[PDB]
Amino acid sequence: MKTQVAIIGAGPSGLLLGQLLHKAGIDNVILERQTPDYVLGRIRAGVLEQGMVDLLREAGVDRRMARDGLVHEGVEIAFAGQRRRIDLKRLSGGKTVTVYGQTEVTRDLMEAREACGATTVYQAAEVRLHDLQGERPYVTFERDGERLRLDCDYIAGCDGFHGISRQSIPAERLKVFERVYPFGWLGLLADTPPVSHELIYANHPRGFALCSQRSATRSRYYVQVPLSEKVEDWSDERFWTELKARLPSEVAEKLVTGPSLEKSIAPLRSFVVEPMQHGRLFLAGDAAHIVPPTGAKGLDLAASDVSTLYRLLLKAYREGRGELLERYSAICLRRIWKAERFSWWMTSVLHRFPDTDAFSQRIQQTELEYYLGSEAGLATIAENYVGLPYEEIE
């Protein structure tokens, strides 16, 4: 079998690269280990920034987001009795963030790709990548017991942290940067009206909590939990009590609780790999980099990687200027390390850390009292939260 671009993974990154390219006359095939159903069970992300809003419009898939997504102009941080709002519209010069669930984003792109008739093979087993430094790479895989060959020009690894494509690169050609954090986020999605018009992040003695939303009648809540915990030990009851124990009393009394639709523990991680390419293989999104979700940056980096990868592949097919695709990693990593620093600062000022000594607790709070009470301090959080500018290409 044959195609121009082969994309491994059909989550936000595989599907958006796939769509942008189909619209530009550049053929592509997506390969996904799981089912449409299993991919849609993953609740993940609520907050989108301008880059990803503009790209979903560039791929003509913006309709349901323009009606149903929520434009937010501020967010609140709760610490030590206080409750402080960062006005993102004015501390960043008009930028806002968009609340629209990741399940929904994925649904819009799964419906769009289906309508145009571009190839997608779900349940594609044991994907292997071959001949990466040659002029004609290929993907082998198994569909219902039969082992098949797909030839392409170029391969995009959009397959997440556990995907086969970063492990398909010689480990000596790669430099891994990692930090594991001693906690996870216990999440709980409920069909309840949210506790505030805006998102509330909270540093509490007992550990972190976050009040998010998916729409006017759906809510997403997290509490920081230890690496030892397991979801079957946190009953809906247990959770709501602990979430209320971590909020300002006049937020917790206004809380409308209800039964979970979904409950799960995500571990926290900072991960970068350099380079983000090998030969004809280009890693994008979570294949190449993980951030802790505290700063809402995961989909911010997927969109700029994908925007950069699409823009350089157009130049390579429409324009014959194919030399420029070796500029991929250097363009991407400048943006990855600033969103990685933002995601770590966020994480470390808002979570409770094991065997923190007296001095560092005091510094952590003073960090929050400074950045939130200073015009310039606030603007450093706000321009990072709404996304920094994109980079020059040529």
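Numbering starts at 1 and follows the sequence shown.
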Of 358-366 and 63-71, the stretch whose C-alpha atoms average the higher B-factor in the entry: 63-71
Mean C-alpha B-factor comparison - 321-329 and 345-353, higher one: 321-329
Highest recorded Cα temperature factor - choice among 251, 284, 176, 150: 251
Criterion, highest CA B-factor; candidates, 206, 218, 113, 230: 230
Residue 388 CA temperature factor, ranked by third within the chain: highest
Lowest, middle or highest third - CA B-factor, residue 297: lowest
Entry-reported Cα temperature factor of residue 214, expressed as the chain third it lands in: lowest
Chain thirds of CA B-factor: placement of residue 198: middle
Ranked C-alpha temperature factor of residue 36 among modelled chain residues, by third: highest
